[PDB]
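Just one chain is shown here, as C-alpha cells, and it is the form deposited in one PDB entry.
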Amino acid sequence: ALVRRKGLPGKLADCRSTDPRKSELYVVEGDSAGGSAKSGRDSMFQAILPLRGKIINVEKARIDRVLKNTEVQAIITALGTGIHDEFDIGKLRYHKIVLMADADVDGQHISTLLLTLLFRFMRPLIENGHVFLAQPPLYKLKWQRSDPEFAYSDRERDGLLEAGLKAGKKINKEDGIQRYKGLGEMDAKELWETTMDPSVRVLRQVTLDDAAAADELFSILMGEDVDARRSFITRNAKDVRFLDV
C-alpha cells in the first residue's frame, strides 16, 4: 500500500486508492487533454500526469541533462520507482501506466520518446506489462435521435455510418460526424466514454520480445547517428503499411 497526495509532482492529479495493484496512471499529452482527463477520470483508481511539450530524447541527451528535465523528473517521481541500477519495481506506485497521446503524428512521436525513456531507464515496467497505450477516438457520430457513437478508424466510421443508416437512423449533414484532431478537443465525458472507462476503453499492452533487437532499433531510430536513421527510414517506410498483413 502507498500514500497518495492530498512530495510528488505538482502537475500530478493523484488517485485515491492506496493500492498500486488497483491504480492506474494516465500519462497524457497536453494540459487541455490532461485537464479534461482529470475531470472525466475515476478519481478512485485513475491518476493523471499531463506532459507539456516534446519529451527529451534520452537516447541522444546526456544523463545529467535528462535528470534536469522537469517532465522526466515528474514521470520518474510519479512512478515512484528508481532508474537504471536503482530500479525497484516494488515501489511502483501504479501497476498500469497508460500513455495517452493524440492520434496525430506528434502523438506518435511523443509515444516513441516516452517508450524510449521507459525502455532505457525503467525497462522492467515494459517487461512485466505495466505499460499500455490508449487508442483515442477519431470520429463521433451524432445521430439525430439515437445515442452518439465513437469510431477509432476511418473503416469503423464508414461501418457504423452504414449500419445506422440501414437501421433507419439519421444524421445532420452540418453537425454530422465530428472529427477529433486531438485529445485536447474532447471534453471530460467524451474521454471517459472512449479512453478511460475500463469497460469500453481500447488499451494496447506493450510487450517486449527480443531485447537485443529492441536495443538496436531504439539506437537506430532515436540515436545521434542520422545516416543510420535516414537509411532505415528510406528502407522501411516504403513497407510500413504491411507490418501487420
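One-based numbering along the sequence shown. Take the two forms, superpose them, and find the largest set of C-alpha atoms that agree within 1.5 Å; that set is the rigid core.
Omitted from view is the form deposited in another entry, to which the following refers.
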| property | result |
| --- | --- |
| Core-superposed comparison between this form and the one not shown - Cα displaced by 2 angstroms or more, from 138, 171, 134, 110 | 110 |
| Post core alignment: residue 199 C-alpha displaced by 2 Å or more between this form and the one not shown | no |
| Residue shift check between this form and the one not shown, rigid core fit, residue 72 Cα at least 2 Å | yes |
| Residue 153 and residue 105, C-alpha gap in the other form relative to this structure (3 Å or more) | farther |
| In the other form, whether the C-alpha atoms of residue 156 and residue 105 sit closer or farther than here (change of 3 Å or more) | farther |
